[PDB]
């Protein structure tokens, strides 16, 4: 019932993936699928024409910012842009609360990226218009999780059924400790019948916090067992019997010590060889950009869908904006 769902979603801020419930998630997946058909047939996509947004990006994140701008403008809307290298360079003396109180009288909605946990939450309480969090310091990047799930669901639509006999097995590989994308998508997937392989070097293990949350979310639907969560330090064991391989970025800005960065960047390299004993239906995701995590040769392997995944982002962002901001 897209109409009941849309009334509920209208004017919603999306800050954490838990702001999206089951019915909203189905509305987003369905709407995303419509926009995919629309774009792929070169149909008119201007379903949100009279809106003006502000996109405020207070750290270097030009790829994410451009993804949101492309979705706004493809919807037929307009966007003005605030971009700065950090938040203090923009706010200067001014409080986040004043800035958002006024900005929100200028525009119909705001896309906000700020590594400060606190700033996004201040923004939301002071804004008189809906905010979409495009990523913040505290591990929430909801539109990424949504586009990841959309992508997963396209190959394995049983993920939505909550069928005790149809379990999806995913391996997360790389920086589990700091990977926000992993945190947020884990939280979402664990609402469904999903089992997890965590593959990482010791100092980049998945945090306890995330494991507790995954545990809680699986138990809630009686899908939690001792086989639900496995831990591995090598690909040959961790890649066995998974439907999805999700490779994280290894972010240089996160590892000061360049030797640590060099150790972690080359610990898990996906090649055609490391893929030989995976399931025939397995699909490889990566939020992008990559550096050495996935060899170029893998781009020709039909198991890889990480470029399709990034393209799916346009559809899913358009869908989310449309559902929140349309007057109908």
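Numbering follows the first chain given and starts at 1.
Set 130 to 138 against 185 to 193 and average the Cα temperature factors; 130 to 138 ends up higher. Here the stretch with the larger average CA B-factor, out of 50 to 58 and 273 to 281, is 273 to 281. By the numbers in the PDB entry, the CA B factor is greatest at 254 among 254, 74, 78, 153. Taking only the listed residues 32, 64, 45, 292, the entry reports the highest CA temperature factor at 292.
When the modelled residues of the chain are ordered by C-alpha B-factor, residue 173 sits in the lowest third. Per-chain ranking of the deposited C-alpha B factor places residue 244 in the lowest third. In the deposited entry, the Cα temperature factor of residue 237 places it in the highest third of its chain's modelled residues. Per-chain ranking of the deposited C-alpha B factor places residue 146 in the lowest third. In the PDB entry, residue 264 places in the highest third of its chain by CA B-factor.
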